[PDB]
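Below is entry-v1.txt, holding compact mmCIF, N, CA, C and O atoms and all ligand atoms.
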# COMPACT_ATOMS: atom_id res chain seq x y z
N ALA A 147 184.51 82.86 115.04
CA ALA A 147 183.39 82.28 115.82
C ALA A 147 182.13 82.23 114.96
O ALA A 147 181.28 81.36 115.23
N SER A 148 182.00 83.10 113.95
CA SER A 148 180.83 83.17 113.02
C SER A 148 180.81 81.96 112.09
O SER A 148 179.70 81.46 111.84
N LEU A 149 181.97 81.49 111.59
CA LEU A 149 182.08 80.26 110.75
C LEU A 149 181.73 79.05 111.62
O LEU A 149 180.94 78.20 111.16
N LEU A 150 182.30 78.99 112.83
CA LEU A 150 182.16 77.86 113.78
C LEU A 150 180.69 77.72 114.23
O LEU A 150 180.21 76.57 114.28
N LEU A 151 180.00 78.82 114.53
CA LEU A 151 178.58 78.83 114.99
C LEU A 151 177.64 78.50 113.82
O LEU A 151 176.71 77.69 114.04
N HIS A 152 177.86 79.11 112.65
CA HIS A 152 177.09 78.86 111.40
C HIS A 152 177.11 77.36 111.07
O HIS A 152 176.04 76.79 110.81
N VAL A 153 178.30 76.74 111.11
CA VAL A 153 178.56 75.32 110.72
C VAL A 153 177.87 74.39 111.73
O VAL A 153 177.27 73.40 111.26
N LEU A 154 177.98 74.66 113.04
CA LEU A 154 177.44 73.81 114.13
C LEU A 154 175.91 73.82 114.09
O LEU A 154 175.31 72.74 114.28
N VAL A 155 175.29 74.99 113.86
CA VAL A 155 173.80 75.16 113.82
C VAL A 155 173.27 74.58 112.50
O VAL A 155 172.18 73.98 112.53
N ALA A 156 174.01 74.75 111.39
CA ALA A 156 173.67 74.21 110.04
C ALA A 156 173.71 72.68 110.06
O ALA A 156 172.76 72.06 109.57
N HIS A 157 174.78 72.10 110.61
CA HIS A 157 175.01 70.63 110.68
C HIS A 157 173.95 69.96 111.57
O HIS A 157 173.64 68.78 111.31
N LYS A 158 173.44 70.66 112.60
CA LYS A 158 172.44 70.12 113.56
C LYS A 158 171.07 70.00 112.89
O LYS A 158 170.41 68.95 113.04
N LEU A 159 170.67 71.05 112.16
CA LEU A 159 169.38 71.15 111.41
C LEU A 159 169.49 70.37 110.09
O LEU A 159 168.45 70.27 109.40
N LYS A 160 170.68 69.86 109.76
CA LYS A 160 170.99 69.02 108.56
C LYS A 160 170.66 69.82 107.30
O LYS A 160 169.89 69.33 106.46
N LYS A 161 171.23 71.03 107.18
CA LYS A 161 171.00 71.98 106.06
C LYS A 161 172.33 72.65 105.71
O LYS A 161 173.17 72.80 106.61
N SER A 162 172.52 73.02 104.43
CA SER A 162 173.74 73.71 103.94
C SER A 162 173.81 75.10 104.59
O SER A 162 172.78 75.53 105.16
N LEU A 163 174.97 75.76 104.51
CA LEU A 163 175.23 77.09 105.14
C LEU A 163 174.28 78.15 104.57
O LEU A 163 173.84 79.02 105.35
N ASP A 164 173.97 78.09 103.26
CA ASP A 164 173.12 79.07 102.53
C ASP A 164 171.66 79.00 103.02
O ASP A 164 170.99 80.05 102.97
N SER A 165 171.20 77.81 103.45
CA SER A 165 169.82 77.54 103.94
C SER A 165 169.55 78.27 105.26
O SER A 165 168.41 78.72 105.44
N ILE A 166 170.55 78.36 106.15
CA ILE A 166 170.47 79.04 107.48
C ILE A 166 171.00 80.47 107.32
O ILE A 166 172.21 80.66 107.16
N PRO A 167 170.14 81.52 107.32
CA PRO A 167 170.63 82.91 107.36
C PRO A 167 171.02 83.29 108.80
O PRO A 167 170.34 82.89 109.73
N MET A 168 172.12 84.04 108.94
CA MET A 168 172.73 84.40 110.25
C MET A 168 171.89 85.48 110.96
O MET A 168 172.09 85.66 112.17
N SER A 169 170.99 86.16 110.23
CA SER A 169 170.09 87.23 110.74
C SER A 169 168.97 86.65 111.63
O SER A 169 168.42 87.42 112.45
N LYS A 170 168.66 85.35 111.47
CA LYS A 170 167.59 84.63 112.21
C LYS A 170 168.14 84.06 113.53
O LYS A 170 169.38 83.90 113.63
N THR A 171 167.25 83.78 114.48
CA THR A 171 167.54 83.31 115.86
C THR A 171 167.48 81.78 115.88
O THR A 171 166.99 81.20 114.89
N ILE A 172 167.97 81.14 116.95
CA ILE A 172 167.93 79.65 117.12
C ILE A 172 166.47 79.20 117.30
O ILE A 172 166.11 78.18 116.70
N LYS A 173 165.69 79.93 118.11
CA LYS A 173 164.25 79.68 118.39
C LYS A 173 163.43 79.74 117.09
O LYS A 173 162.53 78.91 116.93
N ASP A 174 163.75 80.70 116.22
CA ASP A 174 163.14 80.92 114.87
C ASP A 174 163.43 79.71 113.97
O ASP A 174 162.46 79.05 113.54
N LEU A 175 164.71 79.41 113.73
CA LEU A 175 165.21 78.36 112.79
C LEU A 175 164.66 76.98 113.18
O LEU A 175 164.43 76.16 112.28
N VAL A 176 164.47 76.74 114.49
CA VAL A 176 164.08 75.43 115.10
C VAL A 176 162.58 75.16 114.87
O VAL A 176 162.16 73.99 115.03
N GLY A 177 161.81 76.19 114.52
CA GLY A 177 160.33 76.15 114.51
C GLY A 177 159.86 76.02 115.94
O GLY A 177 160.41 76.74 116.80
N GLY A 178 158.95 75.10 116.24
CA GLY A 178 158.49 74.86 117.63
C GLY A 178 159.26 73.74 118.32
O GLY A 178 158.87 73.42 119.46
N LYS A 179 160.30 73.18 117.68
CA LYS A 179 160.97 71.90 118.09
C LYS A 179 161.95 72.23 119.21
O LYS A 179 163.15 72.32 118.98
N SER A 180 161.44 72.42 120.43
CA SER A 180 162.27 72.80 121.56
C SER A 180 163.26 71.71 121.97
O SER A 180 164.23 72.01 122.66
N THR A 181 163.00 70.46 121.54
CA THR A 181 163.92 69.35 121.74
C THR A 181 165.27 69.67 121.06
O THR A 181 166.32 69.36 121.68
N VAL A 182 165.24 70.30 119.86
CA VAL A 182 166.40 70.66 118.97
C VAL A 182 167.05 71.97 119.44
O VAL A 182 168.27 72.12 119.25
N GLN A 183 166.28 72.89 120.01
CA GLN A 183 166.79 74.14 120.64
C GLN A 183 167.72 73.78 121.80
O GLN A 183 168.83 74.34 121.86
N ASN A 184 167.30 72.86 122.68
CA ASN A 184 168.05 72.36 123.87
C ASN A 184 169.36 71.69 123.45
O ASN A 184 170.34 71.78 124.22
N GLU A 185 169.38 71.00 122.31
CA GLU A 185 170.59 70.34 121.74
C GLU A 185 171.58 71.41 121.25
O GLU A 185 172.76 71.28 121.59
N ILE A 186 171.11 72.40 120.48
CA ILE A 186 171.97 73.50 119.91
C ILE A 186 172.59 74.30 121.06
O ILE A 186 173.79 74.60 120.95
N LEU A 187 171.83 74.64 122.11
CA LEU A 187 172.30 75.41 123.30
C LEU A 187 173.32 74.58 124.10
O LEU A 187 174.28 75.18 124.60
N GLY A 188 173.09 73.27 124.25
CA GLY A 188 174.02 72.31 124.87
C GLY A 188 175.32 72.20 124.08
O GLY A 188 176.38 72.12 124.72
N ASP A 189 175.23 72.20 122.74
CA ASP A 189 176.37 72.12 121.77
C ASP A 189 177.18 73.43 121.80
O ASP A 189 178.41 73.35 121.67
N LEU A 190 176.53 74.59 121.92
CA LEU A 190 177.20 75.92 121.96
C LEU A 190 177.91 76.11 123.31
O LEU A 190 178.96 76.75 123.32
N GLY A 191 177.33 75.58 124.40
CA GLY A 191 177.94 75.58 125.74
C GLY A 191 179.16 74.68 125.79
O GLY A 191 180.17 75.11 126.36
N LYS A 192 179.07 73.47 125.21
CA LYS A 192 180.17 72.49 125.07
C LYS A 192 181.32 73.11 124.27
O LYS A 192 182.50 72.87 124.63
N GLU A 193 180.99 73.89 123.23
CA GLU A 193 181.96 74.41 122.24
C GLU A 193 182.76 75.56 122.85
O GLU A 193 183.99 75.39 123.02
N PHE A 194 182.09 76.68 123.17
CA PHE A 194 182.70 77.99 123.50
C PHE A 194 182.91 78.16 125.02
O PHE A 194 183.80 78.95 125.39
N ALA B 1405 133.81 58.21 138.53
CA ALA B 1405 132.77 59.23 138.26
C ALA B 1405 132.98 59.82 136.87
O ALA B 1405 131.99 60.22 136.26
N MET B 1406 134.22 59.89 136.41
CA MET B 1406 134.56 60.51 135.11
C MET B 1406 135.88 59.94 134.61
O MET B 1406 136.73 59.59 135.42
N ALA B 1407 136.05 59.88 133.29
CA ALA B 1407 137.33 59.50 132.67
C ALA B 1407 137.36 60.06 131.26
O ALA B 1407 136.47 59.74 130.49
N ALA B 1408 138.34 60.91 130.94
CA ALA B 1408 138.38 61.67 129.68
C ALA B 1408 139.82 61.76 129.16
O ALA B 1408 140.74 61.68 129.98
N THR B 1409 139.98 61.90 127.85
CA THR B 1409 141.26 62.16 127.16
C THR B 1409 141.14 63.41 126.29
O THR B 1409 140.06 63.67 125.74
N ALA B 1410 142.21 64.16 126.12
CA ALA B 1410 142.22 65.32 125.22
C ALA B 1410 143.60 65.51 124.57
O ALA B 1410 144.64 65.43 125.27
N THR B 1411 143.58 65.76 123.26
CA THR B 1411 144.68 66.38 122.48
C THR B 1411 144.69 67.88 122.82
O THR B 1411 143.86 68.32 123.59
N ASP B 1412 145.67 68.61 122.31
CA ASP B 1412 145.90 70.03 122.66
C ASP B 1412 145.56 70.89 121.45
O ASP B 1412 144.43 71.34 121.38
N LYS B 1413 146.50 71.07 120.52
CA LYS B 1413 146.39 72.05 119.42
C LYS B 1413 147.56 71.88 118.44
O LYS B 1413 148.45 71.05 118.70
N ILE B 1414 147.54 72.67 117.37
CA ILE B 1414 148.67 72.78 116.41
C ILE B 1414 149.92 72.98 117.23
O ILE B 1414 149.86 73.74 118.20
N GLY B 1415 151.01 72.32 116.84
CA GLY B 1415 152.27 72.36 117.60
C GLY B 1415 153.38 71.67 116.83
O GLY B 1415 153.09 71.10 115.77
N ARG B 1416 154.62 71.78 117.31
CA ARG B 1416 155.78 71.14 116.65
C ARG B 1416 156.64 70.39 117.67
O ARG B 1416 157.66 69.82 117.24
N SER B 1417 156.22 70.31 118.93
CA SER B 1417 156.95 69.55 119.98
C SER B 1417 156.07 68.43 120.53
O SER B 1417 155.29 68.70 121.46
N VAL B 1418 156.24 67.22 120.01
CA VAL B 1418 155.44 66.03 120.43
C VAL B 1418 155.45 65.89 121.94
O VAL B 1418 154.43 65.56 122.53
N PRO B 1419 156.59 66.04 122.64
CA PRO B 1419 156.64 65.73 124.07
C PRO B 1419 156.17 66.85 125.01
O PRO B 1419 156.10 66.60 126.21
N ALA B 1420 155.83 68.02 124.46
CA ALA B 1420 155.39 69.20 125.25
C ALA B 1420 154.02 68.90 125.82
O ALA B 1420 153.15 68.47 125.08
N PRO B 1421 153.78 69.10 127.13
CA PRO B 1421 152.46 68.88 127.72
C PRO B 1421 151.60 70.12 127.47
O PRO B 1421 152.18 71.17 127.39
N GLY B 1422 150.28 69.95 127.35
CA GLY B 1422 149.34 71.04 127.01
C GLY B 1422 148.08 71.02 127.85
O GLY B 1422 148.03 70.26 128.83
N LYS B 1423 147.08 71.79 127.45
CA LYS B 1423 145.92 72.14 128.31
C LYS B 1423 144.60 71.65 127.72
O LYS B 1423 143.56 72.06 128.22
N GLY B 1424 144.62 70.77 126.73
CA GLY B 1424 143.38 70.23 126.16
C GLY B 1424 142.44 69.69 127.23
O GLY B 1424 141.23 69.81 127.08
N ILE B 1425 142.98 69.08 128.28
CA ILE B 1425 142.15 68.39 129.31
C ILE B 1425 141.40 69.44 130.13
O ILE B 1425 140.45 69.04 130.79
N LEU B 1426 141.79 70.72 130.07
CA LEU B 1426 141.01 71.86 130.63
C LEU B 1426 139.54 71.73 130.20
O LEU B 1426 138.67 72.18 130.94
N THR B 1427 139.30 71.14 129.03
CA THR B 1427 137.95 71.02 128.44
C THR B 1427 137.01 70.25 129.37
O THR B 1427 135.81 70.48 129.26
N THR B 1428 137.51 69.39 130.25
CA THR B 1428 136.63 68.62 131.17
C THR B 1428 135.82 69.58 132.04
O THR B 1428 134.78 69.15 132.53
N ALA B 1429 136.29 70.82 132.24
CA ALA B 1429 135.61 71.83 133.08
C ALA B 1429 134.83 72.81 132.20
O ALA B 1429 134.38 73.82 132.73
N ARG B 1430 134.66 72.54 130.92
CA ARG B 1430 133.99 73.50 130.02
C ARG B 1430 132.55 73.68 130.48
O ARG B 1430 131.88 72.68 130.68
N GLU B 1431 132.11 74.92 130.65
CA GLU B 1431 130.67 75.19 130.75
C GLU B 1431 130.38 76.66 130.44
O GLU B 1431 131.30 77.49 130.51
N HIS B 1432 129.12 76.93 130.13
CA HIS B 1432 128.66 78.16 129.45
C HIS B 1432 128.01 79.11 130.44
O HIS B 1432 126.92 78.80 130.89
N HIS B 1433 128.61 80.28 130.65
CA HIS B 1433 128.21 81.24 131.72
C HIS B 1433 127.49 82.46 131.16
O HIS B 1433 127.33 83.42 131.91
N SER B 1434 127.05 82.47 129.90
CA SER B 1434 126.46 83.69 129.30
C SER B 1434 125.15 84.04 130.02
O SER B 1434 124.84 85.22 130.14
N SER B 1435 124.43 83.01 130.45
CA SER B 1435 123.08 83.10 131.05
C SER B 1435 123.03 82.17 132.26
O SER B 1435 123.14 80.91 132.07
N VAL B 1436 123.02 82.77 133.45
CA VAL B 1436 123.46 82.10 134.71
C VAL B 1436 122.88 82.84 135.93
O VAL B 1436 123.30 82.55 137.05
N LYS B 1437 121.92 83.73 135.70
CA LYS B 1437 121.39 84.65 136.73
C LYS B 1437 120.55 83.86 137.73
O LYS B 1437 120.58 84.24 138.89
N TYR B 1438 119.82 82.84 137.27
CA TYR B 1438 118.90 82.02 138.10
C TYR B 1438 119.31 80.55 138.03
O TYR B 1438 119.55 80.04 136.92
N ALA B 1439 119.33 79.88 139.19
CA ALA B 1439 119.72 78.46 139.34
C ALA B 1439 118.88 77.59 138.39
O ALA B 1439 117.75 77.98 138.05
N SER B 1440 119.45 76.45 138.00
CA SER B 1440 118.98 75.54 136.93
C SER B 1440 118.37 74.31 137.58
O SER B 1440 119.02 73.62 138.35
N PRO B 1441 117.06 74.07 137.39
CA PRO B 1441 116.42 72.87 137.92
C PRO B 1441 117.22 71.58 137.69
O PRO B 1441 117.23 70.76 138.57
N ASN B 1442 117.86 71.45 136.53
CA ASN B 1442 118.58 70.22 136.08
C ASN B 1442 119.69 69.89 137.09
O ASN B 1442 119.98 68.70 137.26
N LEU B 1443 120.25 70.89 137.76
CA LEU B 1443 121.34 70.70 138.75
C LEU B 1443 120.75 70.32 140.12
O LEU B 1443 121.53 69.92 140.99
N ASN B 1444 119.44 70.45 140.30
CA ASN B 1444 118.76 70.26 141.60
C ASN B 1444 118.21 68.83 141.66
O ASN B 1444 117.25 68.53 140.92
N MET B 1445 118.78 67.98 142.51
CA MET B 1445 118.50 66.52 142.54
C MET B 1445 117.03 66.28 142.92
O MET B 1445 116.46 65.30 142.41
N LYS B 1446 116.43 67.14 143.75
CA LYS B 1446 115.00 67.00 144.11
C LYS B 1446 114.14 67.04 142.85
O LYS B 1446 113.21 66.23 142.76
N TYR B 1447 114.44 67.97 141.94
CA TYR B 1447 113.71 68.17 140.66
C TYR B 1447 113.87 66.91 139.82
O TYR B 1447 112.87 66.32 139.42
N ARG B 1448 115.12 66.51 139.59
CA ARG B 1448 115.44 65.31 138.77
C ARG B 1448 114.64 64.13 139.33
O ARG B 1448 114.05 63.40 138.53
N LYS B 1449 114.59 63.98 140.65
CA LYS B 1449 113.93 62.83 141.32
C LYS B 1449 112.43 62.90 141.04
O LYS B 1449 111.87 61.90 140.58
N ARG B 1450 111.81 64.05 141.32
CA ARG B 1450 110.37 64.33 141.06
C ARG B 1450 110.04 63.89 139.63
O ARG B 1450 109.01 63.21 139.43
N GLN B 1451 110.90 64.23 138.67
CA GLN B 1451 110.67 63.95 137.23
C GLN B 1451 110.73 62.44 137.00
O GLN B 1451 109.95 61.94 136.21
N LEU B 1452 111.62 61.74 137.71
CA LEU B 1452 111.72 60.26 137.62
C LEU B 1452 110.43 59.63 138.15
O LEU B 1452 109.93 58.70 137.49
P1 LIG C 1 160.03 71.75 124.57
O1 LIG C 1 159.76 73.15 125.07
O2 LIG C 1 158.80 70.90 124.43
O3 LIG C 1 161.00 70.90 125.55
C1 LIG C 1 161.31 69.50 125.38
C2 LIG C 1 161.30 68.74 126.72
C3 LIG C 1 161.54 67.24 126.46
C4 LIG C 1 162.45 69.23 127.61
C5 LIG C 1 159.91 69.05 127.40
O4 LIG C 1 158.81 69.01 126.46
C6 LIG C 1 159.52 68.19 128.59
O5 LIG C 1 159.85 68.52 129.72
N1 LIG C 1 158.81 67.08 128.31
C7 LIG C 1 158.37 66.14 129.31
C8 LIG C 1 157.09 66.69 129.95
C9 LIG C 1 156.49 65.66 130.89
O6 LIG C 1 157.14 65.28 131.87
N2 LIG C 1 155.31 65.11 130.54
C10 LIG C 1 154.79 63.93 131.23
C11 LIG C 1 155.40 62.56 130.84
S1 LIG C 1 157.22 62.60 130.70

Go ahead and render the structure in this file as structure tokens.
Amino acid sequence: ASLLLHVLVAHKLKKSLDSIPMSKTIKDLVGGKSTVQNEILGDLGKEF
Amino acid sequence: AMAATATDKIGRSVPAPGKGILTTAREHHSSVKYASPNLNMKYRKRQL
């Protein structure tokens, strides 16, 4: 589930796996862009 | 009687609504112990 979540969040923000550290939160990585937070949460709900 | 526009502040969500228009009610209460002739229409009229 760690490979699957890393890849889905990385592909959404359009960044390589190394760019997104797993220690950070979705709200953190997104900056203030709540439009992109709502997409990642919708994608994680669709997935798991 | 009035028509105003306001931006908000530093942000990263274009579609997020904010409170800049609160500024239409801006006024200064530091010194307010005694009523202000300028607010009294009889005074304004006398001066005219
Ligand atoms: P983020 O926390 O800004 O969320 C994104 C959003 C699109 C869900 C949100 O900002 C929102 O509800 N925007 C529309 C707000 C609104 O109705 N403003 C008036 C014209 S649509």

**Item:** Contacts of ligand LIG 1 (chain C), 7 Å or closer, only N, CA, C and O atoms and all ligand atoms, given as a PyMOL selection string
**Value:** (chain A and resi 178-182) or (chain B and resi 1417-1421)

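Going from CA of residue 1416 in chain B to CA of residue 154 in chain A covers 22.0 Å.
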
**Item:** Answer as a VMD selection string, residues within 12 Å of (167.6, 81.8, 116.2) using only C-alpha atoms
**Value:** chain A and resid 151 to 152 155 to 156 159 166 to 178 180 182 to 183 186 to 187

**Item:** Coordinates-based distance that separates atom C of residue 1428 in chain B from atom O of residue 1410 in chain B (Å, one decimal)
**Value:**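 It comes out at 11.9 Å.
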
**Request:** Using atom N of residue 1451 in chain B and atom N of residue 1439 in chain B as the two end points, give the distance in Å to one decimal.
**Result:**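 Pair atom N of residue 1451 in chain B / atom N of residue 1439 in chain B returns 17.8 Å.
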
**Message:** Taking 2 positions as the minimum chain separation for residues in the same chain, which residues sit within 10 Å of residue 1422 in chain B when counting only C-alpha atoms? Answer as a PyMOL selection string.
**Reply:** chain B and resi 1410-1413+1415+1419-1420+1424-1426
